[PDB]
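Below: upload_36.cif (mmCIF, C-alpha atoms)
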```cif
data_structure
loop_
_atom_site.group_PDB
_atom_site.id
_atom_site.type_symbol
_atom_site.label_atom_id
_atom_site.label_comp_id
_atom_site.auth_asym_id
_atom_site.auth_seq_id
_atom_site.Cartn_x
_atom_site.Cartn_y
_atom_site.Cartn_z
ATOM 1 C CA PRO P 1 136.621 102.291 -204.485
ATOM 2 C CA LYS P 2 138.676 99.883 -202.388
ATOM 3 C CA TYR P 3 141.762 102.032 -203.042
ATOM 4 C CA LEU P 4 140.146 105.064 -201.403
ATOM 5 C CA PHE P 5 139.210 102.982 -198.371
ATOM 6 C CA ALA P 6 142.848 101.897 -198.041
ATOM 7 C CA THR P 7 143.474 105.458 -196.840
ATOM 8 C CA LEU P 8 141.455 104.772 -193.707
ATOM 9 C CA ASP P 9 141.826 102.638 -190.599
ATOM 10 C CA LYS P 10 139.640 99.566 -190.305
ATOM 11 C CA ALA P 11 138.336 101.704 -187.434
ATOM 12 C CA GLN P 12 137.032 104.396 -189.785
ATOM 13 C CA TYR P 13 136.073 102.270 -192.768
ATOM 14 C CA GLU P 14 133.975 99.955 -190.617
ATOM 15 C CA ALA P 15 132.205 102.890 -188.984
ATOM 16 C CA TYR P 16 131.325 104.136 -192.453
ATOM 17 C CA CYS P 17 130.092 100.719 -193.581
ATOM 18 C CA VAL P 18 127.423 100.829 -190.890
ATOM 19 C CA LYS P 19 126.279 104.240 -192.066
ATOM 20 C CA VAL P 20 126.035 103.052 -195.659
ATOM 21 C CA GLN P 21 123.963 99.950 -194.942
ATOM 22 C CA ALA P 22 121.503 102.071 -192.962
ATOM 23 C CA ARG P 23 121.072 104.446 -195.910
ATOM 24 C CA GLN P 24 120.544 101.561 -198.326
ATOM 25 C CA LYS P 25 117.655 100.477 -196.126
ATOM 26 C CA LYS P 26 116.069 103.923 -196.365
ATOM 27 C CA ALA P 27 116.754 103.991 -200.072
ATOM 28 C CA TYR P 28 115.292 100.550 -200.609
ATOM 29 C CA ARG P 29 112.167 101.642 -198.780
ATOM 30 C CA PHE P 30 111.809 104.805 -200.793
ATOM 31 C CA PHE P 31 112.415 103.211 -204.159
ATOM 32 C CA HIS P 32 109.695 100.643 -203.552
ATOM 33 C CA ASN P 33 107.270 103.217 -202.285
ATOM 34 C CA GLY P 34 107.998 105.282 -205.375
ATOM 35 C CA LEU P 35 107.525 102.476 -207.912
ATOM 36 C CA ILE P 36 104.125 101.699 -206.473
ATOM 37 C CA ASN P 37 102.887 105.234 -205.851
ATOM 38 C CA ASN P 38 104.703 107.012 -208.691
ATOM 39 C CA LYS P 39 106.748 109.224 -206.383
ATOM 40 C CA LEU P 40 110.335 108.438 -207.300
ATOM 41 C CA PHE P 41 110.428 112.190 -208.096
ATOM 42 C CA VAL P 42 109.209 114.680 -205.543
ATOM 43 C CA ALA P 43 109.078 118.325 -206.531
ATOM 44 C CA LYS P 44 110.058 120.738 -203.788
ATOM 45 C CA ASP P 45 107.538 123.515 -203.248
ATOM 46 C CA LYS P 46 109.491 125.813 -200.932
ATOM 47 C CA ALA P 47 113.141 126.490 -200.146
ATOM 48 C CA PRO P 48 114.498 125.240 -196.781
ATOM 49 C CA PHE T 1 72.125 97.024 -158.154
ATOM 50 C CA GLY T 2 74.475 94.658 -156.351
ATOM 51 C CA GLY T 3 72.396 93.408 -153.436
ATOM 52 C CA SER T 4 68.914 92.845 -152.027
ATOM 53 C CA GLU T 5 69.189 95.802 -149.620
ATOM 54 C CA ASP T 6 69.066 98.318 -152.461
ATOM 55 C CA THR T 7 66.940 95.971 -154.561
ATOM 56 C CA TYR T 8 64.261 95.616 -151.898
ATOM 57 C CA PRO T 9 63.033 99.250 -152.145
ATOM 58 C CA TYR T 10 62.061 99.014 -155.825
ATOM 59 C CA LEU T 11 60.910 95.458 -155.235
ATOM 60 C CA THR T 12 58.404 96.905 -152.760
ATOM 61 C CA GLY T 13 57.504 100.195 -154.377
ATOM 62 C CA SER T 14 59.028 102.204 -151.574
ATOM 63 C CA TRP T 15 61.530 104.106 -153.730
ATOM 64 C CA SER T 16 58.652 105.885 -155.470
ATOM 65 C CA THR T 17 57.261 107.173 -152.210
ATOM 66 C CA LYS T 18 60.414 109.235 -151.739
ATOM 67 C CA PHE T 19 59.251 111.263 -154.744
ATOM 68 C CA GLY T 20 55.733 112.142 -153.611
ATOM 69 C CA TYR T 21 54.257 109.119 -155.367
ATOM 70 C CA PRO T 22 52.335 106.022 -154.221
ATOM 71 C CA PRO T 23 54.196 102.713 -153.968
ATOM 72 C CA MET T 24 55.243 101.365 -157.382
ATOM 73 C CA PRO T 25 56.258 97.694 -156.970
ATOM 74 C CA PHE T 26 58.674 96.137 -159.437
ATOM 75 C CA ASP T 27 57.949 92.487 -160.341
ATOM 76 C CA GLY T 28 61.654 91.699 -160.045
ATOM 77 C CA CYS T 29 65.218 92.907 -160.255
ATOM 78 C CA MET T 30 67.955 92.406 -162.825
ATOM 79 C CA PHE T 31 71.715 92.036 -162.248
ATOM 80 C CA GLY T 32 74.460 92.698 -164.774
ATOM 81 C CA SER T 33 77.622 94.542 -163.804
ATOM 82 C CA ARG T 34 77.332 92.888 -160.388
ATOM 83 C CA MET T 35 77.701 89.230 -161.375
ATOM 84 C CA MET T 36 80.857 89.813 -163.404
ATOM 85 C CA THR T 37 83.009 88.650 -160.490
ATOM 86 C CA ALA T 38 81.271 85.311 -160.055
ATOM 87 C CA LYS T 39 83.970 82.658 -159.925
ATOM 88 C CA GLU T 40 82.017 80.732 -162.519
ATOM 89 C CA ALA T 41 82.141 83.742 -164.877
ATOM 90 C CA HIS T 42 85.061 83.893 -167.264
ATOM 91 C CA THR T 43 86.335 87.323 -166.288
ATOM 92 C CA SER T 44 90.120 87.057 -165.911
ATOM 93 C CA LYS T 45 91.438 87.142 -162.355
ATOM 94 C CA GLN T 46 92.963 90.622 -162.273
ATOM 95 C CA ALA T 47 89.959 91.730 -164.303
ATOM 96 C CA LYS T 48 87.259 90.894 -161.768
ATOM 97 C CA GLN T 49 89.874 92.098 -159.326
ATOM 98 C CA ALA T 50 90.167 95.599 -160.750
ATOM 99 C CA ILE T 51 86.365 95.521 -161.032
ATOM 100 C CA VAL T 52 85.773 95.213 -157.300
ATOM 101 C CA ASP T 53 88.353 97.943 -156.789
ATOM 102 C CA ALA T 54 86.076 100.401 -158.532
ATOM 103 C CA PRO T 55 84.770 102.804 -155.957
ATOM 104 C CA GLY T 56 81.138 103.035 -156.981
ATOM 105 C CA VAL T 57 79.216 106.286 -157.017
ATOM 106 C CA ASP T 58 75.639 107.042 -156.004
ATOM 107 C CA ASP T 59 72.728 107.654 -158.384
ATOM 108 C CA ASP T 60 73.816 111.249 -157.750
ATOM 109 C CA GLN T 61 76.939 111.585 -159.828
ATOM 110 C CA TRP T 62 76.682 108.892 -162.464
ATOM 111 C CA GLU T 63 76.148 111.730 -164.947
ATOM 112 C CA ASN T 64 79.831 112.383 -164.270
ATOM 113 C CA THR T 65 80.957 109.372 -166.275
ATOM 114 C CA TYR T 66 80.348 111.443 -169.392
ATOM 115 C CA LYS T 67 83.166 113.809 -168.453
ATOM 116 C CA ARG T 68 85.497 112.331 -165.828
ATOM 117 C CA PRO T 69 86.812 108.984 -164.607
ATOM 118 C CA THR T 70 84.035 108.952 -162.021
ATOM 119 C CA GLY T 71 84.416 106.057 -159.630
ATOM 120 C CA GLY T 72 86.193 103.366 -161.582
ATOM 121 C CA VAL T 73 84.058 103.694 -164.689
ATOM 122 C CA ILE T 74 84.172 106.216 -167.481
ATOM 123 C CA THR T 75 82.044 106.615 -170.643
ATOM 124 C CA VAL T 76 83.630 106.080 -174.033
ATOM 125 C CA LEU T 77 82.351 105.630 -177.597
ATOM 126 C CA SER T 78 82.099 102.428 -179.602
ATOM 127 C CA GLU T 79 83.359 102.081 -183.156
ATOM 128 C CA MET T 80 79.669 102.316 -184.004
ATOM 129 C CA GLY T 81 79.877 105.532 -182.017
ATOM 130 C CA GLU T 82 77.468 104.265 -179.355
ATOM 131 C CA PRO T 83 78.209 105.239 -175.701
ATOM 132 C CA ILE T 84 79.730 102.635 -173.369
ATOM 133 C CA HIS T 85 80.581 102.464 -169.635
ATOM 134 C CA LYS T 86 83.984 100.882 -168.987
ATOM 135 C CA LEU T 87 86.550 100.468 -166.276
ATOM 136 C CA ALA T 88 88.739 103.517 -166.816
ATOM 137 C CA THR T 89 91.995 101.560 -167.258
ATOM 138 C CA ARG T 90 95.052 103.222 -168.814
ATOM 139 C CA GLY T 91 93.870 101.857 -172.149
ATOM 140 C CA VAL T 92 90.260 102.980 -171.817
ATOM 141 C CA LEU T 93 91.694 106.381 -170.946
ATOM 142 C CA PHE T 94 93.858 106.732 -174.065
ATOM 143 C CA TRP T 95 90.827 105.412 -175.900
ATOM 144 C CA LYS T 96 88.714 108.311 -174.647
ATOM 145 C CA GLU T 97 91.726 110.348 -175.838
ATOM 146 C CA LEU T 98 91.465 109.411 -179.497
ATOM 147 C CA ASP T 99 87.690 109.732 -179.210
ATOM 148 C CA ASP T 100 88.229 113.448 -178.607
ATOM 149 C CA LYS T 101 91.124 114.205 -180.913
ATOM 150 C CA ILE T 102 91.151 111.606 -183.677
ATOM 151 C CA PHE T 103 87.727 109.996 -184.032
ATOM 152 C CA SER T 104 86.188 113.432 -183.494
ATOM 153 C CA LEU T 105 87.452 114.660 -186.861
ATOM 154 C CA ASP T 106 85.796 113.796 -190.160
ATOM 155 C CA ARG T 107 87.344 110.810 -191.952
ATOM 156 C CA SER T 108 89.510 112.889 -194.321
ATOM 157 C CA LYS T 109 91.212 115.171 -191.810
ATOM 158 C CA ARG T 110 91.861 112.177 -189.550
ATOM 159 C CA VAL T 111 94.783 110.546 -191.304
ATOM 160 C CA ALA T 112 96.610 113.875 -191.377
ATOM 161 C CA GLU T 113 96.145 114.451 -187.645
ATOM 162 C CA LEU T 114 97.425 110.932 -186.989
ATOM 163 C CA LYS T 115 100.695 111.574 -188.779
ATOM 164 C CA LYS T 116 101.211 114.642 -186.588
ATOM 165 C CA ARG T 117 100.794 112.824 -183.303
ATOM 166 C CA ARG T 118 102.224 109.625 -184.730
ATOM 167 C CA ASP T 119 105.070 108.805 -182.375
ATOM 168 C CA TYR T 120 102.903 109.995 -179.478
ATOM 169 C CA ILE T 121 99.961 107.750 -180.339
ATOM 170 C CA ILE T 122 102.520 105.042 -181.036
ATOM 171 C CA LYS T 123 103.955 105.322 -177.540
ATOM 172 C CA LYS T 124 100.568 105.365 -175.812
ATOM 173 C CA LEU T 125 99.699 102.482 -178.118
ATOM 174 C CA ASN T 126 102.772 100.442 -177.101
ATOM 175 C CA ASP T 127 102.543 101.398 -173.428
ATOM 176 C CA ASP T 128 98.961 101.096 -172.214
ATOM 177 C CA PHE T 129 96.480 99.800 -174.779
ATOM 178 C CA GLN T 130 94.824 96.392 -175.366
ATOM 179 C CA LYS T 131 96.471 96.297 -178.786
ATOM 180 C CA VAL T 132 100.105 97.208 -179.232
ATOM 181 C CA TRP T 133 101.919 98.867 -182.096
ATOM 182 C CA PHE T 134 103.093 96.136 -184.464
ATOM 183 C CA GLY T 135 106.266 98.111 -185.094
ATOM 184 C CA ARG T 136 108.955 96.329 -183.085
ATOM 185 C CA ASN T 137 112.382 95.640 -184.535
ATOM 186 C CA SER T 138 114.941 92.959 -183.679
ATOM 187 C CA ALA T 139 116.700 95.112 -181.060
ATOM 188 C CA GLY T 140 113.426 95.647 -179.230
ATOM 189 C CA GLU T 141 112.585 99.237 -180.112
ATOM 190 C CA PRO T 142 109.527 100.244 -182.160
ATOM 191 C CA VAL T 143 109.792 101.263 -185.813
ATOM 192 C CA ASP T 144 107.615 101.733 -188.865
ATOM 193 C CA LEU T 145 106.071 98.584 -190.333
ATOM 194 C CA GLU T 146 107.723 99.738 -193.520
ATOM 195 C CA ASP T 147 111.106 99.547 -191.769
ATOM 196 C CA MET T 148 110.885 95.976 -190.409
ATOM 197 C CA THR T 149 112.676 93.083 -192.108
ATOM 198 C CA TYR T 150 110.696 90.130 -193.416
ATOM 199 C CA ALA T 151 112.048 88.006 -190.595
ATOM 200 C CA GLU T 152 111.216 90.657 -188.043
ATOM 201 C CA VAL T 153 107.612 90.750 -189.258
#
```
I'd like the structure from this file rewritten - as structure tokens, please.
Amino acid sequence: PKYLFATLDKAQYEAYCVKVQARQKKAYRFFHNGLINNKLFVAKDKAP
Amino acid sequence: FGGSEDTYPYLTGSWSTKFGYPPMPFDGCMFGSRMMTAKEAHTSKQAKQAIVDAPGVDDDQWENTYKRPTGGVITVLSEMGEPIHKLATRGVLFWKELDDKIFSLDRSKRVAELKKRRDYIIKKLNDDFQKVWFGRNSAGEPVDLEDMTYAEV
């Protein structure tokens, strides 16, 4: 991965890194909710 | 009651004459809402303050509590459901609110209706109710409890 990032400016890369760590926090939340409530898989009932 | 001038009538039995009845003397008078502002009572300063500030209403339109912020008091329901007269503060207003939209619905359908007005109820919770929304984050803004860090909690 590092090698891809070396395409960017510390400007860009660091902007991305903030996005990522926000996602991880959502993910973390979800995963724990799922484990407990058995909803790691959620079937979609209708198209968008 | 809040004085002897209005007390006197019933104390005599004169009130009852106004209704085409003999005099019906009361053996005494009882004071509740009145005494709340006694300096030796524990009512917080601004509390007994805002209390005074209630424009009373006559025996005429007390029935109006049930519907409007009549005077400074309004009627609102307990958790037991029982009716209560309170100073219609911003809180006691948003409390009447949920009485009519949330606590009005049967248990089941409630939780659903909460999720729909969530961020609304959460604002009015944060802004003007006795108990705030526990959802703050480090920065200061409100979030979901499920979104706070351990520290933050």
Enumerate, as a PyMOL selection string, the residues matched when the PyMOL selection byres ((chain T and resi 103) around 12) is run on the file above.
chain T and resi 76-81+95-102+104-111+113-114
Next, the residues of the selection above should be written as a PDB file, in the coordinates of the input with C-alpha atoms.
```pdb
ATOM      1  CA  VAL T  76      83.630 106.080-174.033  1.00  0.00           C
ATOM      2  CA  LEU T  77      82.351 105.630-177.597  1.00  0.00           C
ATOM      3  CA  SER T  78      82.099 102.428-179.602  1.00  0.00           C
ATOM      4  CA  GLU T  79      83.359 102.081-183.156  1.00  0.00           C
ATOM      5  CA  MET T  80      79.669 102.316-184.004  1.00  0.00           C
ATOM      6  CA  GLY T  81      79.877 105.532-182.017  1.00  0.00           C
ATOM      7  CA  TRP T  95      90.827 105.412-175.900  1.00  0.00           C
ATOM      8  CA  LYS T  96      88.714 108.311-174.647  1.00  0.00           C
ATOM      9  CA  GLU T  97      91.726 110.348-175.838  1.00  0.00           C
ATOM     10  CA  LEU T  98      91.465 109.411-179.497  1.00  0.00           C
ATOM     11  CA  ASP T  99      87.690 109.732-179.210  1.00  0.00           C
ATOM     12  CA  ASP T 100      88.229 113.448-178.607  1.00  0.00           C
ATOM     13  CA  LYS T 101      91.124 114.205-180.913  1.00  0.00           C
ATOM     14  CA  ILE T 102      91.151 111.606-183.677  1.00  0.00           C
ATOM     15  CA  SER T 104      86.188 113.432-183.494  1.00  0.00           C
ATOM     16  CA  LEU T 105      87.452 114.660-186.861  1.00  0.00           C
ATOM     17  CA  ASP T 106      85.796 113.796-190.160  1.00  0.00           C
ATOM     18  CA  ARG T 107      87.344 110.810-191.952  1.00  0.00           C
ATOM     19  CA  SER T 108      89.510 112.889-194.321  1.00  0.00           C
ATOM     20  CA  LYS T 109      91.212 115.171-191.810  1.00  0.00           C
ATOM     21  CA  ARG T 110      91.861 112.177-189.550  1.00  0.00           C
ATOM     22  CA  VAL T 111      94.783 110.546-191.304  1.00  0.00           C
ATOM     23  CA  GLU T 113      96.145 114.451-187.645  1.00  0.00           C
ATOM     24  CA  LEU T 114      97.425 110.932-186.989  1.00  0.00           C
TER      25      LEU T 114
END
```
Decode the PyMOL selection byres ((chain P) within 10 of (chain T)) for the given file into explicit residues and return them as a PyMOL selection string.
chain P and resi 25-26+28-30+33
Expected file: the selected residues, C-alpha atoms, as a PDB file, keeping the file's coordinate frame:
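Final file, again39.pdb:
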```
ATOM      1  CA  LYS P  25     117.655 100.477-196.126  1.00  0.00           C
ATOM      2  CA  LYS P  26     116.069 103.923-196.365  1.00  0.00           C
ATOM      3  CA  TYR P  28     115.292 100.550-200.609  1.00  0.00           C
ATOM      4  CA  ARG P  29     112.167 101.642-198.780  1.00  0.00           C
ATOM      5  CA  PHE P  30     111.809 104.805-200.793  1.00  0.00           C
ATOM      6  CA  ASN P  33     107.270 103.217-202.285  1.00  0.00           C
TER       7      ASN P  33
END
```
Please measure the separation of CA of residue 54 (chain T) and CA of residue 85 (chain T), giving the value in Å to one decimal.
12.6 Å
Evaluate the PyMOL selection byres ((chain T and resi 52) around 12) here and jot the selected residues down as a PyMOL selection string.
chain T and resi 2+33-38+43+45-51+53-56+71-73+87
Same residues, C-alpha atoms, output as a PDB file, in the coordinates of the input:
```pdb
ATOM      1  CA  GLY T   2      74.475  94.658-156.351  1.00  0.00           C
ATOM      2  CA  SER T  33      77.622  94.542-163.804  1.00  0.00           C
ATOM      3  CA  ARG T  34      77.332  92.888-160.388  1.00  0.00           C
ATOM      4  CA  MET T  35      77.701  89.230-161.375  1.00  0.00           C
ATOM      5  CA  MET T  36      80.857  89.813-163.404  1.00  0.00           C
ATOM      6  CA  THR T  37      83.009  88.650-160.490  1.00  0.00           C
ATOM      7  CA  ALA T  38      81.271  85.311-160.055  1.00  0.00           C
ATOM      8  CA  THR T  43      86.335  87.323-166.288  1.00  0.00           C
ATOM      9  CA  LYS T  45      91.438  87.142-162.355  1.00  0.00           C
ATOM     10  CA  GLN T  46      92.963  90.622-162.273  1.00  0.00           C
ATOM     11  CA  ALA T  47      89.959  91.730-164.303  1.00  0.00           C
ATOM     12  CA  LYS T  48      87.259  90.894-161.768  1.00  0.00           C
ATOM     13  CA  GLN T  49      89.874  92.098-159.326  1.00  0.00           C
ATOM     14  CA  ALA T  50      90.167  95.599-160.750  1.00  0.00           C
ATOM     15  CA  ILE T  51      86.365  95.521-161.032  1.00  0.00           C
ATOM     16  CA  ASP T  53      88.353  97.943-156.789  1.00  0.00           C
ATOM     17  CA  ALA T  54      86.076 100.401-158.532  1.00  0.00           C
ATOM     18  CA  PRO T  55      84.770 102.804-155.957  1.00  0.00           C
ATOM     19  CA  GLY T  56      81.138 103.035-156.981  1.00  0.00           C
ATOM     20  CA  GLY T  71      84.416 106.057-159.630  1.00  0.00           C
ATOM     21  CA  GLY T  72      86.193 103.366-161.582  1.00  0.00           C
ATOM     22  CA  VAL T  73      84.058 103.694-164.689  1.00  0.00           C
ATOM     23  CA  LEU T  87      86.550 100.468-166.276  1.00  0.00           C
TER      24      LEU T  87
END
```
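Taking CA of residue 65 (chain T) as the reference point, CA of residue 32 (chain T) is found at 18.0 Å.
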Centre and edge lengths of an axis-aligned box around all listed atoms of region 41-52 of chain T, with 6 Å added on each side, are to be given in Å to one decimal, as lines of an AutoDock Vina configuration file.
```
center_x = 87.6
center_y = 89.7
center_z = -162.3
size_x = 22.8
size_y = 23.9
size_z = 22.0
```
Kindly output region 15-26 of chain P as a short mmCIF file (atom, residue, chain, number, x, y, z; two decimals), in the frame of the given file, after building N, CA, C and O atoms.
```cif
data_model
loop_
_atom_site.label_atom_id
_atom_site.label_comp_id
_atom_site.auth_asym_id
_atom_site.auth_seq_id
_atom_site.Cartn_x
_atom_site.Cartn_y
_atom_site.Cartn_z
N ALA P 15 133.19 101.97 -189.53
CA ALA P 15 132.21 102.89 -188.98
C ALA P 15 131.34 103.41 -190.12
O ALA P 15 130.12 103.56 -189.97
N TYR P 16 131.99 103.67 -191.25
CA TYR P 16 131.32 104.14 -192.45
C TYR P 16 130.38 103.06 -192.99
O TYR P 16 129.23 103.35 -193.34
N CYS P 17 130.86 101.82 -193.03
CA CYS P 17 130.09 100.72 -193.58
C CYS P 17 128.75 100.55 -192.89
O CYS P 17 127.79 100.07 -193.50
N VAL P 18 128.67 100.94 -191.62
CA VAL P 18 127.42 100.83 -190.89
C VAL P 18 126.48 101.94 -191.30
O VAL P 18 125.26 101.74 -191.38
N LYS P 19 127.04 103.11 -191.55
CA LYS P 19 126.28 104.24 -192.07
C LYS P 19 125.64 103.87 -193.40
O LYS P 19 124.43 104.00 -193.60
N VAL P 20 126.49 103.43 -194.33
CA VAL P 20 126.04 103.05 -195.66
C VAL P 20 124.83 102.12 -195.60
O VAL P 20 123.76 102.43 -196.13
N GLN P 21 125.00 100.98 -194.95
CA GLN P 21 123.96 99.95 -194.94
C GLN P 21 122.65 100.42 -194.33
O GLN P 21 121.60 99.82 -194.58
N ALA P 22 122.71 101.48 -193.53
CA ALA P 22 121.50 102.07 -192.96
C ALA P 22 120.80 102.87 -194.04
O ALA P 22 119.59 102.75 -194.22
N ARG P 23 121.57 103.68 -194.77
CA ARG P 23 121.07 104.45 -195.91
C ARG P 23 120.37 103.57 -196.94
O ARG P 23 119.24 103.85 -197.34
N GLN P 24 121.07 102.52 -197.37
CA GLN P 24 120.54 101.56 -198.33
C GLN P 24 119.16 101.09 -197.90
O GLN P 24 118.28 100.88 -198.73
N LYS P 25 118.95 100.92 -196.61
CA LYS P 25 117.66 100.48 -196.13
C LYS P 25 116.59 101.57 -196.30
O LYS P 25 115.45 101.28 -196.65
N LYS P 26 116.98 102.82 -196.09
CA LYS P 26 116.07 103.92 -196.36
C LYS P 26 115.79 103.93 -197.85
O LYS P 26 114.64 103.95 -198.28
#
```
